[PDB]
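Here the structure comes first, spelled out in structure tokens, and everything after it is commentary.
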Amino acid sequence: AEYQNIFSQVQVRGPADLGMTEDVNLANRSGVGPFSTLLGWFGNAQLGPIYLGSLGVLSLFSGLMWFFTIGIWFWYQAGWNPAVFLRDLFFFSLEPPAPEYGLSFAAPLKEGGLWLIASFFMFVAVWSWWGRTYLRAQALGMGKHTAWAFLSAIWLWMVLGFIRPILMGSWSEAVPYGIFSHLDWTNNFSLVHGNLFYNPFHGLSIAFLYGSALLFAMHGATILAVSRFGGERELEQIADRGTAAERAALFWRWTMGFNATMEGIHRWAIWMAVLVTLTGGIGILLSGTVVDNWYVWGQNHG
Amino acid sequence: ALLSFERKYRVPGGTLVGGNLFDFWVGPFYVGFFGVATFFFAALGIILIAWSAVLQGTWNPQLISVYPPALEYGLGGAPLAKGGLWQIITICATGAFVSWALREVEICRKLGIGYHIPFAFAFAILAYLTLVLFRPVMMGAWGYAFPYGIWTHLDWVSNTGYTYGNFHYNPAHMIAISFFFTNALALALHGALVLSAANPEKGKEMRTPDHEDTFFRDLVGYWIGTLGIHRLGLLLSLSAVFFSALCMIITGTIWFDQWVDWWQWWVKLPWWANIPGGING
Amino acid sequence: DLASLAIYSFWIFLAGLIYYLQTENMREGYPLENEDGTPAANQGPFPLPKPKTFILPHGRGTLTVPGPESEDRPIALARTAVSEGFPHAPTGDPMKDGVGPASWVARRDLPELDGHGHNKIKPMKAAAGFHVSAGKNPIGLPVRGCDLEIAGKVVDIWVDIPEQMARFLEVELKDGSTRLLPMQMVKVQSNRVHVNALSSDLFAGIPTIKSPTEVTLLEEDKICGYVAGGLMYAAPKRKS
Ligand code: BCL
Ligand code: BCL
Ligand code: BCL
Ligand SMILES: CC[C@H]1c2cc3[nH]c4c(c3C)C(=O)[C@H](C(=O)OC)c4c3nc(cc4[nH]c(cc(n2)[C@@H]1C)c(C(C)=O)c4C)[C@@H](C)[C@@H]3CCC(=O)OC/C=C(\C)CCC[C@H](C)CCC[C@H](C)CCCC(C)C
Ligand SMILES: CC[C@H]1c2cc3[nH]c4c(c3C)C(=O)[C@H](C(=O)OC)c4c3nc(cc4[nH]c(cc(n2)[C@@H]1C)c(C(C)=O)c4C)[C@@H](C)[C@@H]3CCC(=O)OC/C=C(\C)CCC[C@H](C)CCC[C@H](C)CCCC(C)C
Ligand SMILES: COC1=C(OC)C(=O)C(C/C=C(\C)CC/C=C(\C)CC/C=C(\C)CC/C=C(\C)CC/C=C(\C)CC/C=C(\C)CC/C=C(/C)CC/C=C(\C)CC/C=C(\C)CCC=C(C)C)=C(C)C1=O
Ligand SMILES: [Fe+3]
């Protein structure tokens with residue numbers, strides 16, 4: 001093979017790039033970390049710097065609180081035994097309050113009360129992180145494409161954990177915190193709602209999930225195959241179309257009868273991925289609230 | 001017929017087979033010998049479904065389903081109406097898929113670019129063959145493969161999965177899923193990043209690749225780079241499909257039981273498989 | 001039934017979304033042209049998108065797309081058939097005329113800049129203080145062509161400073177002068193650099209840069225295009 005380009009053959013190293021300044025508060029940026037030769041074979045070797053901000057600190061903290069709340073409960077179920085803790089690590093589960101308590105926050109800690117506390121910390125950690133992704137883009141004067149795409153993922157997580165259980169009138173409809181347990185929750189959910197496979201939004205989400213692995217494999221391979229013309233420098237290819245962009249476009253034009261541009265492909269990319277969590281959230285939202293059985297609902301197509 | 005910059009690239013040469021006999025275009029489509037072959041395999045395959053739909057008696061697509069031979073037929077030939085068509089269609093499908101990849105290779109040579117695309121596509125072909133060839137042969141019957149129907153093949157997935165309890169517990173399964181999710185994650189991030197730099201805030205100039213690196217380093221403390229992310233995206237998608245085929249080639253072959261019980265080589269260790277308390281104890 | 005309503009509404013959105021994406025991807029290469037240069041009659045069921053403006057950094061002007069496009073370069077090709085769909089044969093030397101796999105586009109004859117306004121690509125000798133951190137150092141190594149003959153030696157590496165990545169090997173020819181080779185088109189071995197794409201006497205044919213310390217976008221494509229074209233056009237020179 002005259003041409004791998006999956007891993008670099010030669011690594012070069014110079015002074016650390018402190019990055020663009022613009023309107024970011026440099027006082028909240030860390031120092032640069034060490035260089036990683038291991039990472040250097042695949043991508044950049046430079047580690048750091050990182051930006052905090054007020055939201056970032058709040059996010060990490062509220063995040064860490066979400067773990068310990070789950071962590072302590074896991075230790076509790078293991079009878080404070082370190083061995084039994086690591087034996088049943090994947091079997092531990094922090095479950096939501098029983099149906100008895102409905103939508104009340106008046107559940108005791110050992111009966112779903114802790115789950116409510118954990119979910120609260122996760123809620124703050126995620127949304128504060130979302131604002132962080134927004135503000136980092138704004139501070140650099142960049143577009144907000146990242147936050148809006150992130151918002152699609154949040155939407156799915158909000159439906160599963162908050163929006164749908166409220167509509168169902170019970171917190172027990174929410175997702176538990178535990179490796180194996182929510183897998184069982186996921187399987188049981190599909191069984192309860194009469195085989196999810198016949199949920200059209202569910203099939204759509206799968207189509208986009210597949211399509212995401214499809215599109216990127218095509219795009220990633222395309223860029224690498226065109227790397228010999230410096231095709232990975234996409235932004236300058238936008239401002240000034242190169243022979244890199246042209247050969248890449250013609251390959252697909254000749255393959256499938258039509259093609260994309262260096263910018264438009266990233267619009268294809270961002271929508272393909274977003275539609276996964278976007279459609280999925282809708283499909284879950286309608287399940288149990290509007291439709292009890294999707295197969296039966298499907299056979300009448302109405 | 002031509003893109004504004006296309007003419008200077010449409011030159012002769014690059015073909016693997018047939019020389020200059022099939023070296024031409026039909027509209028935007030390039031032909032080549034494998035283009036003819038692809039069309040040939042596709043033509044026959046589509047015809048076969050039509051004759052399968054006639055025997056089935058319906059013509060709406062959402063009920064049309066071409067089933068493989070029954071398990072009793074083993075790995076032998078079957079009558080057309082009883083799984084034979086499926087076998088021939090599969091032969092045509094495999095012929096159509098492989099021909100498509102080789103046609104892409106011819107296009108790669110004429111454009112003087114790398115062979116990454118058909119190489120990546122080969123993984124998709126591998127996954128299909130895993131379900132229709134490798135696994136059925138290792139289990140000793142074509143009937144273990146999935147039917148060619150929009151909803152019936154969904155049932156095949158539903159039936160096959162539950163046969164081994166909860167298919168979530170397959171370890172090669174979890175890995176494949178994790179890559180599928182991570183791939184969608186990276187695709188969204190890469191698309192958003194490029195577009196946000198090329199289309200900044202109103203009243204702002206177009207940003208540089210330095211801004212892209214800076215954004216993610218401000219965000220998570222590291223950016224992989226323009227070249228590395230396309231390397232990553234390819235790897236994630238290929239790995240997702242690789243373990244996908246892997247999670248199916250080992251089920252019903254070297255593993256026959258419920259995947260729930262796989263996790264015993266951690267739980268029932270002779271250190272803690274007796275200590276009271278906990279979920280299991 | 002509300003469930004039916006939601007899915008019917010989404011398909012409308014999806015169809016409109018597809019329409020939006022396709023037109024947005026017609027900002028380059030369109031309108032379609034006939035093989036004689038004249039605009040094609042059938043432009044497809046999707047219309048040209050209304051213009052879009054980019055404000056280029058470092059005061060390098062603006063870009064409006066789509067707009068009237070030119071190659072701004074002569075194309076040395078001849079039509080093979082009266083009818084549509086047949087290849088165009090080179091009238092001269094395809095590598096030198098820049099057609100086929102050896103094609104290059106008329107980008108601006110200026111170097112790409114980083115975020116700070118400095119040249120994105122510069123030789124390692126002029127980049128304090130870059131050095132080889134891993135892999136085989138190619139400096140001083142002999143460069144060999146597909147004809148298994150030494151064409152020269154690597155004297156320097158041209159690195160992508162913001163990305164800290166090697167992009168070009170600078171190869172010194174027999175006449176003392178140097179040429180740039182794409183890092184993706186070479187294979188560095190323990191005691192030599194192997195170039196599959198070119199024979200030893202085709203190294204001199206590589207386009208030259210006008211400055212010893214910088215390379216422009218136009219020069220890069222000329223180099224990259226030429227080297228990639230050697231895979232098809234240097235096939236006659238074999239050795240068994
Ligand atoms: C991978 C593991 C399972 C499987 C599990 C599932 C599940 C689970 C789902 C699907 C769904 C679909 N599957 Mg399936 N599927 C498998 C193997 C296949 C193969 C194959 C030859 O390997 C094909 C062609 C398909 C095709 C399809 C589509 C009809 C549909 C959307 C996929 C999509 O958009 O992907 C991404 C690809 C693209 C975006 C590119 C365009 C692809 C087009 C849309 C495919 C149309 C196929 C067409 C009917 C086949 C040819 C007919 C001839 C032209 C006459 N499946 C195997 C057996 N598949 C979903 C569905 O039924 O939704 C209603 C769904 O929920
Ligand atoms: C027997 C089980 C059921 C089934 C039950 C369900 C249910 C129930 C659901 C899915 C869902 C999904 N299923 Mg299904 N599924 C089955 C069979 C399949 C098959 C198949 C070939 O058989 C496929 C391909 C899929 C594929 C998929 C996806 C299309 C979809 C999830 C999108 C996603 O990215 O989620 C992963 C992404 C997220 C959850 C978003 C998370 C966003 C937040 C902000 C992340 C916070 C992170 C936190 C701060 C830090 C975490 C760190 C980590 C812990 C390390 N399923 C069968 C029929 N499936 C979901 C869906 O949308 O359905 C409509 C869903 O809820
Ligand atoms: C109740 C059902 C079971 C279950 C049963 C199964 C079974 C059984 C299998 C999977 C498989 C998979 N499942 Mg599972 N699965 C479940 C739950 C899940 C969940 C979840 C959220 O819980 C997730 C995320 C998944 C995800 C996945 C993937 C790991 C994998 C599918 C991708 C793949 O292999 O593509 C592989 C890609 C291809 C086959 C693509 C082939 C493409 C061809 C070449 C296209 C040709 C062109 C086409 C004809 C063109 C038409 C053009 C015209 C113009 C229309 N499953 C539950 C527990 N799942 C499958 C797998 O691993 O397969 C290997 C599989 O067989
Ligand atoms: C287009 C849809 C896809 C999507 C979108 C998306 N997600 C995003 C983004 C986007 C566009 C971001 O910008 C944002 C980001 O910052 O990315 C770098 C994010 C993000 N997507 C994330 C995760 C994630 N996304 C997922 C899915 C998807 N996200 C979809 C496929 C999944 C799943 C389940 O598949 C996960 C797990 C985060 C990396 C990040 C949001 C950051 C955040 O919320 O931070 C606050 C949280 C913390 C400080 C805690 C961090 C937790 C650690 C990673 C550890 C987890 C350990 C585990 C729970 C251990 C359990 C056992 C122990 C107790 C023993
Ligand atoms: C890395 C693996 C991932 C991947 C990537 C990938 N796919 C690829 C490529 C790449 C890199 C291509 O270059 C090539 C392409 O051009 O893609 C747009 C291809 C391709 N990926 C395709 C689709 C596709 N990829 C899928 C999956 C994946 N693609 C993986 C996730 C799926 C799924 C999940 O089901 C589908 C449907 C096509 C668009 C294209 C290959 C086109 C092709 O094969 O053309 C020749 C064949 C025909 C024109 C028709 C043949 C018809 C048969 C003779 C009869 C019908 C057979 C069929 C099985 C009947 C049953 C259908 C029912 C199950 C619905
Ligand atoms: C700039 O880069 C870009 C990127 O990167 C940076 C990208 O990543 C991508 C990639 C991104 C995308 C593709 C966009 C997103 C789209 C997707 C998510 C992918 C999904 C794709 C689809 C759903 C489309 C599916 C593709 C199809 C349908 C392929 C169509 C196939 C056929 C119809 C058959 C193929 C036809 C062939 C092979 C030839 C026809 C066969 C024949 C034999 C023709 C008959 C010939 C004759 C009659 C005889 C010949 C006649 C003669 C000789 C004439 C005689 C002379 C006379 C004068 C008479 C792109 C495009 C890109 O641009
Ligand atoms: Fe890209």
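Simple scheme: letters A, B, ... for chains in structure tokens order, numbers from 1 for residues in each chain, numbers from 1 for ligands in the order shown.
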DSSP says alpha helix (DSSP H) for which residues of stretch 33-206 of chain C? Put them as a PyMOL selection string? chain C and resi 94-97
Can you check which residues of chain B have any atom within 12 Å of chain C? Use only C-alpha atoms and format it as a VMD selection string. chain B and resid 1 to 15 20 to 32 107 to 114 197 to 214 223 to 228
Let me see if you get this right: every residue at most 6 Å from ligand 5, counting only C-alpha atoms and all ligand atoms, written as a PDB file with C-alpha atoms, in the first residue's frame.
ATOM      1  CA  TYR A 210     -27.853   3.947   9.718  1.00  0.00           C
ATOM      2  CA  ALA A 213     -22.845   5.690   9.629  1.00  0.00           C
ATOM      3  CA  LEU A 214     -23.434   5.668   5.867  1.00  0.00           C
ATOM      4  CA  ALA A 217     -18.014   6.540   5.962  1.00  0.00           C
ATOM      5  CA  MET A 218     -18.581   7.996   2.493  1.00  0.00           C
TER       6      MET A 218
ATOM      7  CA  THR B  38     -24.167  -3.920 -12.080  1.00  0.00           C
ATOM      8  CA  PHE B  41     -27.339  -8.113 -11.963  1.00  0.00           C
ATOM      9  CA  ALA B  42     -29.848  -5.433 -10.973  1.00  0.00           C
ATOM     10  CA  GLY B  45     -32.858  -9.325  -9.602  1.00  0.00           C
ATOM     11  CA  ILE B  46     -35.739  -6.878  -9.988  1.00  0.00           C
ATOM     12  CA  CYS B  92     -27.789 -11.383  -7.986  1.00  0.00           C
ATOM     13  CA  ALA B  93     -27.656  -9.100  -4.944  1.00  0.00           C
ATOM     14  CA  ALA B  96     -24.752  -6.356  -7.845  1.00  0.00           C
ATOM     15  CA  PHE B  97     -23.014  -5.208  -4.657  1.00  0.00           C
ATOM     16  CA  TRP B 100     -20.727  -1.590  -7.627  1.00  0.00           C
ATOM     17  CA  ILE B 117     -14.630   4.642  -0.682  1.00  0.00           C
ATOM     18  CA  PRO B 118     -14.973   1.164  -2.191  1.00  0.00           C
ATOM     19  CA  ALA B 120     -15.314   1.269   3.170  1.00  0.00           C
ATOM     20  CA  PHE B 121     -18.243  -0.024   1.124  1.00  0.00           C
ATOM     21  CA  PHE B 123     -17.531  -3.510   5.024  1.00  0.00           C
ATOM     22  CA  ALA B 124     -21.212  -3.004   4.205  1.00  0.00           C
ATOM     23  CA  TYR B 148     -36.510  -9.838   1.451  1.00  0.00           C
ATOM     24  CA  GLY B 149     -39.479  -7.771   2.603  1.00  0.00           C
ATOM     25  CA  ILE B 150     -39.934  -4.360   4.211  1.00  0.00           C
ATOM     26  CA  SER B 237     -18.641   3.845  11.133  1.00  0.00           C
ATOM     27  CA  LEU B 238     -16.484   0.931   9.957  1.00  0.00           C
ATOM     28  CA  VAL B 241     -20.477  -2.345  11.114  1.00  0.00           C
TER      29      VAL B 241
END
Residues of chain C near chain A: apply a cut-off of 7 Å, count only C-alpha atoms, and supply the list as a PDB file with N, CA, C and O atoms, in the first residue's frame.
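New file result-v8.pdb:
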ATOM      1  N   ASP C   1     -57.018  10.728  14.486  1.00  0.00           N
ATOM      2  CA  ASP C   1     -55.888  10.192  15.236  1.00  0.00           C
ATOM      3  C   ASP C   1     -54.649  11.083  15.131  1.00  0.00           C
ATOM      4  O   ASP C   1     -54.161  11.355  14.034  1.00  0.00           O
ATOM      5  N   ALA C   3     -51.521  10.550  16.161  1.00  0.00           N
ATOM      6  CA  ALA C   3     -50.312   9.826  15.777  1.00  0.00           C
ATOM      7  C   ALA C   3     -50.096   9.837  14.267  1.00  0.00           C
ATOM      8  O   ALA C   3     -48.968   9.984  13.794  1.00  0.00           O
ATOM      9  N   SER C   4     -51.182   9.676  13.516  1.00  0.00           N
ATOM     10  CA  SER C   4     -51.116   9.706  12.059  1.00  0.00           C
ATOM     11  C   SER C   4     -50.766  11.101  11.562  1.00  0.00           C
ATOM     12  O   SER C   4     -50.006  11.260  10.611  1.00  0.00           O
ATOM     13  N   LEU C  21     -31.568  21.221   0.837  1.00  0.00           N
ATOM     14  CA  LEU C  21     -30.205  20.706   0.798  1.00  0.00           C
ATOM     15  C   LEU C  21     -29.684  20.560  -0.629  1.00  0.00           C
ATOM     16  O   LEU C  21     -28.526  20.870  -0.905  1.00  0.00           O
ATOM     17  N   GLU C  24     -28.919  23.908  -2.213  1.00  0.00           N
ATOM     18  CA  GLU C  24     -27.747  24.433  -1.521  1.00  0.00           C
ATOM     19  C   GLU C  24     -26.473  23.768  -2.028  1.00  0.00           C
ATOM     20  O   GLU C  24     -25.388  24.346  -1.968  1.00  0.00           O
ATOM     21  N   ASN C  25     -26.615  22.546  -2.530  1.00  0.00           N
ATOM     22  CA  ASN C  25     -25.487  21.798  -3.069  1.00  0.00           C
ATOM     23  C   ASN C  25     -25.317  22.018  -4.566  1.00  0.00           C
ATOM     24  O   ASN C  25     -24.533  21.330  -5.222  1.00  0.00           O
ATOM     25  N   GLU C  28     -22.124  25.185  -6.677  1.00  0.00           N
ATOM     26  CA  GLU C  28     -20.884  25.008  -7.430  1.00  0.00           C
ATOM     27  C   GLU C  28     -21.085  24.030  -8.586  1.00  0.00           C
ATOM     28  O   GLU C  28     -21.768  23.017  -8.438  1.00  0.00           O
ATOM     29  N   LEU C  63     -16.609  36.665  -1.496  1.00  0.00           N
ATOM     30  CA  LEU C  63     -16.957  35.634  -2.467  1.00  0.00           C
ATOM     31  C   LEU C  63     -18.468  35.467  -2.584  1.00  0.00           C
ATOM     32  O   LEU C  63     -19.144  35.162  -1.603  1.00  0.00           O
ATOM     33  N   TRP C 104      -5.501  20.611 -12.533  1.00  0.00           N
ATOM     34  CA  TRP C 104      -5.411  21.552 -11.425  1.00  0.00           C
ATOM     35  C   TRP C 104      -6.336  22.727 -11.703  1.00  0.00           C
ATOM     36  O   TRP C 104      -6.638  23.023 -12.858  1.00  0.00           O
ATOM     37  N   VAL C 105      -6.789  23.396 -10.650  1.00  0.00           N
ATOM     38  CA  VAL C 105      -7.714  24.506 -10.825  1.00  0.00           C
ATOM     39  C   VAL C 105      -7.040  25.834 -10.517  1.00  0.00           C
ATOM     40  O   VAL C 105      -6.080  25.895  -9.751  1.00  0.00           O
ATOM     41  N   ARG C 107      -6.808  28.388  -8.595  1.00  0.00           N
ATOM     42  CA  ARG C 107      -6.985  29.059  -7.319  1.00  0.00           C
ATOM     43  C   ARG C 107      -6.132  30.318  -7.300  1.00  0.00           C
ATOM     44  O   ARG C 107      -5.282  30.514  -8.169  1.00  0.00           O
ATOM     45  N   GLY C 115      -5.025  31.766  11.430  1.00  0.00           N
ATOM     46  CA  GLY C 115      -5.918  32.714  12.070  1.00  0.00           C
ATOM     47  C   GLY C 115      -5.251  34.028  12.432  1.00  0.00           C
ATOM     48  O   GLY C 115      -5.922  35.044  12.608  1.00  0.00           O
ATOM     49  N   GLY C 129      10.104  26.594  16.717  1.00  0.00           N
ATOM     50  CA  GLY C 129      11.265  25.734  16.582  1.00  0.00           C
ATOM     51  C   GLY C 129      10.842  24.297  16.365  1.00  0.00           C
ATOM     52  O   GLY C 129      10.915  23.473  17.275  1.00  0.00           O
ATOM     53  N   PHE C 130      10.395  24.000  15.149  1.00  0.00           N
ATOM     54  CA  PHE C 130       9.836  22.693  14.832  1.00  0.00           C
ATOM     55  C   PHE C 130      10.910  21.626  14.648  1.00  0.00           C
ATOM     56  O   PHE C 130      12.007  21.908  14.171  1.00  0.00           O
ATOM     57  N   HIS C 131      10.579  20.398  15.033  1.00  0.00           N
ATOM     58  CA  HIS C 131      11.477  19.264  14.852  1.00  0.00           C
ATOM     59  C   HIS C 131      10.670  17.980  14.709  1.00  0.00           C
ATOM     60  O   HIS C 131       9.481  17.951  15.023  1.00  0.00           O
ATOM     61  N   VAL C 132      11.315  16.920  14.235  1.00  0.00           N
ATOM     62  CA  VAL C 132      10.654  15.626  14.121  1.00  0.00           C
ATOM     63  C   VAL C 132      10.549  14.964  15.491  1.00  0.00           C
ATOM     64  O   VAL C 132      11.561  14.687  16.135  1.00  0.00           O
ATOM     65  N   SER C 133       9.321  14.709  15.933  1.00  0.00           N
ATOM     66  CA  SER C 133       9.083  14.167  17.267  1.00  0.00           C
ATOM     67  C   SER C 133       8.896  12.650  17.273  1.00  0.00           C
ATOM     68  O   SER C 133       9.106  11.999  18.296  1.00  0.00           O
ATOM     69  N   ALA C 134       8.499  12.095  16.134  1.00  0.00           N
ATOM     70  CA  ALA C 134       8.285  10.656  16.019  1.00  0.00           C
ATOM     71  C   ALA C 134       8.349  10.210  14.562  1.00  0.00           C
ATOM     72  O   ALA C 134       8.214  11.022  13.648  1.00  0.00           O
ATOM     73  N   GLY C 135       8.555   8.915  14.352  1.00  0.00           N
ATOM     74  CA  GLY C 135       8.643   8.376  13.009  1.00  0.00           C
ATOM     75  C   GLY C 135      10.038   8.517  12.438  1.00  0.00           C
ATOM     76  O   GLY C 135      10.950   8.993  13.114  1.00  0.00           O
ATOM     77  N   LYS C 136      10.207   8.103  11.187  1.00  0.00           N
ATOM     78  CA  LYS C 136      11.512   8.165  10.546  1.00  0.00           C
ATOM     79  C   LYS C 136      11.765   9.528   9.907  1.00  0.00           C
ATOM     80  O   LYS C 136      11.028   9.961   9.020  1.00  0.00           O
ATOM     81  N   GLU C 163      -1.648  23.087  12.406  1.00  0.00           N
ATOM     82  CA  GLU C 163      -2.004  21.700  12.676  1.00  0.00           C
ATOM     83  C   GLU C 163      -0.794  20.892  13.127  1.00  0.00           C
ATOM     84  O   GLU C 163      -0.932  19.743  13.556  1.00  0.00           O
ATOM     85  N   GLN C 164       0.382  21.507  13.029  1.00  0.00           N
ATOM     86  CA  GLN C 164       1.651  20.855  13.347  1.00  0.00           C
ATOM     87  C   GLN C 164       1.764  19.516  12.627  1.00  0.00           C
ATOM     88  O   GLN C 164       1.951  18.474  13.254  1.00  0.00           O
ATOM     89  N   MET C 165       1.645  19.563  11.303  1.00  0.00           N
ATOM     90  CA  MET C 165       1.639  18.359  10.481  1.00  0.00           C
ATOM     91  C   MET C 165       2.511  18.525   9.240  1.00  0.00           C
ATOM     92  O   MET C 165       2.502  19.578   8.603  1.00  0.00           O
ATOM     93  N   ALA C 166       3.260  17.482   8.902  1.00  0.00           N
ATOM     94  CA  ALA C 166       4.099  17.494   7.708  1.00  0.00           C
ATOM     95  C   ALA C 166       3.254  17.308   6.451  1.00  0.00           C
ATOM     96  O   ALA C 166       2.475  16.360   6.352  1.00  0.00           O
ATOM     97  N   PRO C 182       4.074  15.882  -2.214  1.00  0.00           N
ATOM     98  CA  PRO C 182       3.008  15.650  -1.235  1.00  0.00           C
ATOM     99  C   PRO C 182       3.354  14.499  -0.298  1.00  0.00           C
ATOM    100  O   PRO C 182       3.804  13.450  -0.760  1.00  0.00           O
ATOM    101  N   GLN C 184       1.484  12.606   1.183  1.00  0.00           N
ATOM    102  CA  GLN C 184       0.543  11.511   0.979  1.00  0.00           C
ATOM    103  C   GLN C 184       0.929  10.641  -0.215  1.00  0.00           C
ATOM    104  O   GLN C 184       0.424   9.529  -0.368  1.00  0.00           O
ATOM    105  N   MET C 185       1.825  11.152  -1.055  1.00  0.00           N
ATOM    106  CA  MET C 185       2.227  10.448  -2.270  1.00  0.00           C
ATOM    107  C   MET C 185       3.601   9.800  -2.135  1.00  0.00           C
ATOM    108  O   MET C 185       4.131   9.255  -3.103  1.00  0.00           O
ATOM    109  N   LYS C 187       6.325   7.266   0.429  1.00  0.00           N
ATOM    110  CA  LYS C 187       6.445   6.296   1.508  1.00  0.00           C
ATOM    111  C   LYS C 187       7.865   6.305   2.057  1.00  0.00           C
ATOM    112  O   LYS C 187       8.798   5.853   1.394  1.00  0.00           O
ATOM    113  N   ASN C 196       6.025   6.170  -5.732  1.00  0.00           N
ATOM    114  CA  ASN C 196       5.383   5.270  -6.678  1.00  0.00           C
ATOM    115  C   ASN C 196       4.875   6.000  -7.920  1.00  0.00           C
ATOM    116  O   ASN C 196       4.854   5.444  -9.018  1.00  0.00           O
ATOM    117  N   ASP C 221      -1.892  23.005  -5.988  1.00  0.00           N
ATOM    118  CA  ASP C 221      -2.701  22.151  -6.851  1.00  0.00           C
ATOM    119  C   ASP C 221      -1.931  21.700  -8.084  1.00  0.00           C
ATOM    120  O   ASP C 221      -2.097  20.570  -8.544  1.00  0.00           O
ATOM    121  N   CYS C 224       0.300  18.953  -6.570  1.00  0.00           N
ATOM    122  CA  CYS C 224      -0.517  17.805  -6.182  1.00  0.00           C
ATOM    123  C   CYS C 224      -1.170  17.124  -7.382  1.00  0.00           C
ATOM    124  O   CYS C 224      -1.216  15.896  -7.456  1.00  0.00           O
TER     125      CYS C 224
END
Per-residue nearest contacts chain A to ligand 3, cut-off 8 Å, using only C-alpha atoms and all ligand atoms, as CSV:
residue,atom,partner,partner_atom_place_in_ligand_line,distance
A:183,CA,ligand 3,22 (O),7.1
A:186,CA,ligand 3,22 (O),6.6
A:187,CA,ligand 3,58 (C),6.6
A:210,CA,ligand 3,32 (C),6.9
I'd like to know which of A:49, A:112, A:56, A:71 is closest to ligand 4, using only C-alpha atoms and all ligand atoms.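 The shortest atom-to-atom distance to ligand 4 comes from A:71.
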Could you pull out the residues sitting within 8 Å of ligand 1, using only C-alpha atoms and all ligand atoms, and write them as a ChimeraX atom specification? /A:197-198,200,202-212,214 /B:46,49,93,124-125,127-128,131,146,149-151,153-154,156-157
Test item: chain A residues at most 7 Å from chain B, counting only C-alpha atoms, as a ChimeraX atom specification: /A:6,19-20,42-44,47-51,77-79,83-84,87-88,91-92,133,136-137,141-146,149,183,209,212-213,216-218,220-223,225-226,232-233,235,247,251,253-257,266-267,269-270,273-274
So what do you get for atom CA of residue B:34 versus atom CA of residue C:45, distance-wise?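 Interatomic distance, atom CA of residue B:34 to atom CA of residue C:45: 28.9 Å.
Atom CA of residue A:192 to atom CA of residue A:278 spans 22.5 Å [interatomic distance, one decimal].
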As number ranges by chain, please: the residues near residue A:27 (cut-off 10 Å, only C-alpha atoms, same-chain neighbours under 2 positions excluded). A: 24-25, 29-30, 51-53
Could you write out the selected residues, including N, CA and C atoms, as an mmCIF file, in the first residue's frame?
data_model
loop_
_atom_site.group_PDB
_atom_site.id
_atom_site.type_symbol
_atom_site.label_atom_id
_atom_site.label_comp_id
_atom_site.auth_asym_id
_atom_site.auth_seq_id
_atom_site.Cartn_x
_atom_site.Cartn_y
_atom_site.Cartn_z
ATOM 1 N N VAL A 24 -12.896 35.991 23.870
ATOM 2 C CA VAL A 24 -12.899 35.055 24.985
ATOM 3 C C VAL A 24 -12.135 35.665 26.152
ATOM 4 N N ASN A 25 -12.594 35.378 27.364
ATOM 5 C CA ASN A 25 -11.895 35.826 28.555
ATOM 6 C C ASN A 25 -10.712 34.909 28.812
ATOM 7 N N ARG A 29 -8.806 30.549 30.832
ATOM 8 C CA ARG A 29 -8.159 29.466 30.100
ATOM 9 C C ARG A 29 -7.018 28.866 30.907
ATOM 10 N N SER A 30 -6.901 27.544 30.859
ATOM 11 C CA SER A 30 -5.840 26.842 31.567
ATOM 12 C C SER A 30 -4.519 26.968 30.820
ATOM 13 N N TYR A 51 -11.072 25.921 28.580
ATOM 14 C CA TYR A 51 -11.749 27.093 29.123
ATOM 15 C C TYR A 51 -12.771 26.667 30.174
ATOM 16 N N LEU A 52 -12.858 27.426 31.264
ATOM 17 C CA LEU A 52 -13.853 27.147 32.291
ATOM 18 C C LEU A 52 -15.112 27.985 32.110
ATOM 19 N N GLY A 53 -15.048 29.240 32.535
ATOM 20 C CA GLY A 53 -16.228 30.072 32.601
ATOM 21 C C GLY A 53 -17.037 29.712 33.831
#
Write out as a PyMOL selection string all residues of stretch 105-206 of chain C that backbone DSSP assigns to strand (DSSP E). chain C and resi 121-123+131-134+142-144+150-160+165-172+178-182+187-188+193-194
